[PDB]
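# Sequence first, structure after; it's an experimental one.
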Amino acid sequence: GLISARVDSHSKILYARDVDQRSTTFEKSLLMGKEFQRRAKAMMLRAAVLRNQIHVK
Amino acid sequence: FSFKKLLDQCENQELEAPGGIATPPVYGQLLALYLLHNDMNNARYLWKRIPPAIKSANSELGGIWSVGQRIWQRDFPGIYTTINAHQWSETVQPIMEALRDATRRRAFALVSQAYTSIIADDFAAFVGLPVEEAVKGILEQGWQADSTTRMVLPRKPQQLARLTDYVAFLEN
Amino acid sequence: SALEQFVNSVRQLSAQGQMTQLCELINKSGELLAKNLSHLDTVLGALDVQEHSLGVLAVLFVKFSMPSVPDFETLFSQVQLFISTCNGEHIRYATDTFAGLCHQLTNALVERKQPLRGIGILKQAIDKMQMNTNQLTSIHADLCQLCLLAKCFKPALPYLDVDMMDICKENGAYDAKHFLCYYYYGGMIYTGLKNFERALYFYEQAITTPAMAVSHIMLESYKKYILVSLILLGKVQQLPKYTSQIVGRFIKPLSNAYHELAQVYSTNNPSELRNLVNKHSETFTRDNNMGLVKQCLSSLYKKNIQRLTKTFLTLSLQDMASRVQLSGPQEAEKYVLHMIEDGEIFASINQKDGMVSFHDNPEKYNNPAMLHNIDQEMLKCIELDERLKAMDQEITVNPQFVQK
Amino acid sequence: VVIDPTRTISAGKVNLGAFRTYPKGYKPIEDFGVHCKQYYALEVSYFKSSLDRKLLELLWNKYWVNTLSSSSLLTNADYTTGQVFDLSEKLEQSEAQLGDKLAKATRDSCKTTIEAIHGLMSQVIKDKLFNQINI
């Protein structure tokens, strides 16, 4: 993770890589939203199961 | 598009049975329809579900499973050879042509998407006939071609309410 | 003599209210209730039948000693009719014997090894018992087992695509065994259909249940959890902080073969993975998860190929089949084509020079389809917050939450 | 109250500043001056009556061209970016506190989101009215 570049072996050329800020921003936001929804549903199931005294006796 | 209704009708026909096992033709039709829709897991589990006695009673299921095994390994040329190897009853007759057309379209899409230049032999084996579909490809859709090496170059091919709902949700 | 008096009592008590005494008599038993009742049951309930039929069926199925003579199949048919003519909300007043009857029916079907006839029964049994479609009942774990022992996965999909929100107390009973069995069998069903992003979630929910002792079902929900996490992701996901301490102290040392498999599947070396699979084949075949490890072995190659795309823009096939160890340019070509067909990678094959070129240009965020996706996420989040507010409002008005 | 007439005229926004002061003895940024410890700042807000609101809206009604040609969110981009940055700082402070401010952060985020969706709604309405006539 020190050099942002790509190697082309056909012509043996190291090209520089430019990151599209908008695309990575949108991707990160969507991933965070999906993760948050998953965590929310998980905790809500937990609250459902911790209120009926389910403890595997 | 008409096959979806037949699909779910066969589904609820399968779901319940007088003894849990249905007739051979409905089993074969359901397996063929599963093969057609390119859903391999359900077809494989259905094949595993069939009891051995009824499985060996009819050889039509054997040919259907051979076709499914051929398509599972993603070996395109063998599908066309194994689909017409045996004879098919009228109950499963209109499945083979639709499956072949779907496989041809899938091969065409895969060649156009995952390839920038492919030997004409491999492309012709993928599509089905190394005589006239090459000239059809270069002429009809304008695909570039070059002789000697036999090389083809396929190329890839009600609003305000939502905003006011978002605003109302945010403000509340 | 007394049977007629009891039948008349239930007949005159029903249809006019007085539910408490009614359920009081249903469970009063009567020392086998003179099991020769049978035929008169037919005249006991008509049209909407009655509630006493459930008690008759329960006491018929409760002996557990060859229940209803070799003609049991006929009674089976009657049970089916009951499932199609129960109706009403009154059955919800007796959510203690219905679950037992369903469990006994499924056990009887399993011990006769015909787990397909009863599939349709436990769809209307569930639909006519839960208060709402987001409530977990003890029959869910039973349908998920009936549809798993016999290979039929699609019918259970409508009951696995919903998010459980509340759990029915069933006026007693409902031990954690049903919850664990449901969340384990659902995970196996999702794994069978090659839907790993939800099988991992199901196994994670199964593992983090509170517990104080080692259970037989949590072992084969962490063992498979490791494999599913290794398939979907590149590593074994860390369990959340609220995991029960039993898994982190007793379960882990008991099954250490999969931890070693992950350790090998931490550094990219397929040869060591195959060697460890061969060496520890007895452990992987005693737990019956054979086939789920070959998937990890195959996915190692796909992970290496995907990692190749972060450094290279155009790679020769011969050179490519030297870092992933595929031993042949043709096999590398077929692997790349299969990966492209599934959308896992963005690449193109040039057969003139035998080179794979990586594009990595999935989508620019101006297509209205992405606007539709954002709108769908909006709707899901709004619905989630609405359910949160509805849940909180009940707490705010609770008579317990005013004293503190 | 301290205002800056020249900067208000040049920039276009008012320079209203309301200040109270800490009394002597209580001891517990170069723009504010050199006595920043002795005096502090306060927030400013405004109000107007129902009659005043009606009169102001009816007087400002003779601005229709600018009303439907302003195309906001293209002029206040710097303000919105600053608001989002302050939102991030407030969110970080609230997260540190959790280890209330969360309500204030939620209200600020709601205000910014409402402004953004209002701008989008005005743009959509303009597009519907002007660009969907005569094919």
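That came through, no problem. Residues are numbered from 1 along each chain as shown, chains lettered A, B, ... in the order given.

# near chain C, which residues of chain B show up?
With Cβ under 8 Å from any Cβ of the partner chain as the criterion, chain B meets chain C at residues B:11, B:15-17, B:19-20, B:41-42, B:45-46, B:48-49, B:74, B:110, B:113-119, B:122, B:149, B:151, B:162, B:165-166, B:169. The way it works is simple: take the backbone N, C-alpha and C, and place the C-beta from them, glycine included.

# I'd like to know which of these are buried.
B:42, B:45, B:46, B:49, B:110, B:114, B:115, B:117, B:118, B:122, B:151, B:166 (16 or more other Cβ atoms under 10 Å in any protein chain shown).

# Skipping its backbone neighbours, what lies nearest the fifth one in space?
Leaving out its chain neighbours, the residue that sits closest to residue B:110 by Cβ to Cβ, 6 or more residues apart in numbering or on different chains is residue C:341, at 5.9 Å.

# pretty sure the one you found is touching residue B:109, no?
No - using Cβ atoms under 8 Å, residue C:341 is not in contact with residue B:109, being 9.3 Å away.

# returning to what we had before: and the gap between the residue nearest to residue B:110 and chain A?
23 Å (Cβ to the nearest Cβ, to the nearest Å).

# Please list all residues in contact with that residue.
Shown in contact with residue C:341 (Cβ atoms under 8 Å, 6 or more residues apart in numbering or on different chains): B:74, B:110, B:114.

# and the closest residue to residue D:90 other than its chain neighbours, what are its phi and psi?
Nearest in space to residue D:90, with sequence neighbours left out and distances taken as Cβ to Cβ, 6+ apart, is residue D:105 at 4.6 Å. With angles defined as degrees, to the nearest 10, residue D:105 sits at phi -60, psi -40.

# Return the residues in contact with residue D:105.
D:87, D:90, D:91, D:94.

# tell me the contacts of the residue nearest the centre of chain A?
Residue closest to the mean C-alpha point of chain A, counted by Cα atoms, centre = their mean, is residue A:31 at 4.6 Å. Residue A:31 sits next to no residue when contact means Cβ under 8 Å, 6+ apart.

# That one sits in which helix or strand?
helix A:21-50 (DSSP states H and E).

# How much space separates residue D:44 from residue C:29?
Taking Cβ to Cβ, to the nearest Å as the measure, residue D:44 falls 78 Å from residue C:29.

# again, but for residue D:17
Residue D:17 sits 84 Å away from residue C:29, going by Cβ to Cβ.

# And for residue B:64?
Distance, residue B:64 to residue C:29, using Cβ to Cβ: 54 Å.

# cool, residue B:76 as well?
Taking Cβ to Cβ as the measure, residue B:76 falls 67 Å from residue C:29.

# The two - which one has more neighbours?
When neighbours are counted by other Cβ atoms under 10 Å in any protein chain shown, residue B:76 and residue C:29 differ, and residue B:76 comes out ahead with 20 against 11.

# Correct me if wrong: the more buried one contacts residue B:100.
No - shown here, residue B:76 and residue B:100 do not form a contact pair, counting by Cβ under 8 Å, at 11.5 Å.

# Around chain D, which positions in the stretch 151-300 of chain C sit nearby?
Counting by Cβ under 8 Å from any Cβ, the stretch 151-300 of chain C has no residue next to chain D.

# Can you tell me the closest non-neighbouring residue to whichever residue of the stretch 151-300 of chain C sits closest to chain B?
Proximity to chain B, evaluated over the stretch 151-300 of chain C using Cβ to the nearest Cβ, is greatest for residue C:151 at 4.1 Å. Leaving out its chain neighbours, the residue that sits closest to residue C:151 by Cβ to Cβ, 6+ apart is residue B:45, at 4.1 Å.

# right, and the one you found touches residue C:148 too?
No - contact between residue B:45 and residue C:148 fails when scored by Cβ under 8 Å: they sit 10.6 Å apart.

# How about the helix or strand hosting residue C:224 and chain B, touching?
Residue C:224 belongs to helix C:216-232 when assigned by DSSP H and E. No - on the criterion Cβ under 8 Å from any Cβ, helix C:216-232 is out of touch with chain B, staying 14.9 Å away.

# Which strands or helices does that helix pack on?
The contact analysis (3 or more Cβ pairs under 8 Å, 6 or more residues apart in numbering or on different chains; DSSP states H and E) places helix C:216-232 against helix C:176-192, helix C:196-207, helix C:257-264, helix C:292-308.

# Which of those sits closest to residue B:144?
With Cβ to Cβ as the measure, helix C:292-308 is the member of the helices and strands packed on helix C:216-232 nearest residue B:144 (28.8 Å).

# Go ahead and name everything in contact with that closest one.
Contacts with helix C:292-308, where a contact means Cβ under 8 Å, 6+ apart, come from C:191, C:224, C:227-228, C:230-231, C:234, C:261, C:265, C:268, C:270, C:273-274, C:277, C:284, C:315, C:320, C:323-324, C:326, C:335-336, C:339, C:344-345.

# Keeping just the C-alphas, turn that helix into PDB.
Only the C-alpha atoms of helix C:292-308 are listed here, as PDB (Å, rounded to 0.1, in the frame of the first residue of the first chain):
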ATOM      1  CA  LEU C 292     -18.100 -27.500   2.000                       C
ATOM      2  CA  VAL C 293     -14.300 -27.800   2.300                       C
ATOM      3  CA  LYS C 294     -13.800 -28.500  -1.400                       C
ATOM      4  CA  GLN C 295     -15.600 -25.200  -1.900                       C
ATOM      5  CA  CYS C 296     -13.100 -23.400   0.300                       C
ATOM      6  CA  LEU C 297     -10.200 -25.100  -1.600                       C
ATOM      7  CA  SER C 298     -11.800 -23.900  -4.900                       C
ATOM      8  CA  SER C 299     -12.500 -20.400  -3.600                       C
ATOM      9  CA  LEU C 300      -8.800 -20.000  -2.600                       C
ATOM     10  CA  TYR C 301      -7.900 -19.900  -6.300                       C
ATOM     11  CA  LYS C 302     -10.700 -17.300  -7.000                       C
ATOM     12  CA  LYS C 303      -9.400 -15.200  -4.000                       C
ATOM     13  CA  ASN C 304      -5.900 -15.300  -5.400                       C
ATOM     14  CA  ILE C 305      -7.100 -14.400  -8.900                       C
ATOM     15  CA  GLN C 306      -9.100 -11.400  -7.500                       C
ATOM     16  CA  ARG C 307      -6.000 -10.300  -5.600                       C
ATOM     17  CA  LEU C 308      -4.100 -10.400  -8.800                       C
END
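
# Strands along the stretch 251-400 of chain C, start to end?
Taking DSSP state E, counting those that start in this stretch as the test, the strands found in the stretch 251-400 of chain C are C:312-316, C:347-350, C:355-358.

# could those be laid out in CSV, adding distance to chain D and mean neighbour count?
Output for those, formatted as CSV (distance: least, Cβ to the nearest Cβ, whole Å; neighbours: other Cβ atoms under 10 Å in any protein chain shown):
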stretch, distance to chain D, mean neighbour count
strand C:312-316, 35, 20
strand C:347-350, 38, 18
strand C:355-358, 35, 20
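
# quick one, helices of chain B?
B:3-15, B:24-36, B:40-49, B:52-57, B:60-72, B:76-83, B:93-114, B:120-127, B:133-140, B:160-171 (DSSP state H).

# now swap in chain D and tell me
Ranges of helices in chain D, per DSSP H, are D:5-11, D:50-60, D:64-67, D:77-98, D:101-130.

# ranking those helices by burial, who's on top?
Stretch with highest mean neighbour count among the helices of chain D: helix D:101-130 (a mean of 14; mean count of other Cβ atoms under 10 Å in any protein chain shown).

# Count the neighbours of residue C:293 for me.
Quick note: residue C:293 (other Cβ under 10 Å) scores 21 neighbours.

# Please identify the most buried of the helices of chain B.
By mean count of other Cβ under 10 Å, these have helix B:24-36 as the most buried, with a mean of 21.

# now that one and helix B:93-114, what's the angle there?
Relative orientation of helix B:24-36 and helix B:93-114, computed by axes from the mean of the first three to the mean of the last three Cα atoms, to 10 degrees: 10 degrees.

# hmm, who's touching helix B:24-36?
Taking Cβ under 8 Å, 6+ apart as the rule, helix B:24-36 contacts B:3, B:6-7, B:10-11, B:13-14, B:42-43, B:46-47, B:50, B:54, B:57-58, B:60-61, B:64-65, B:67-68, B:71, B:89, B:91-92, B:95, B:98-99, B:102.
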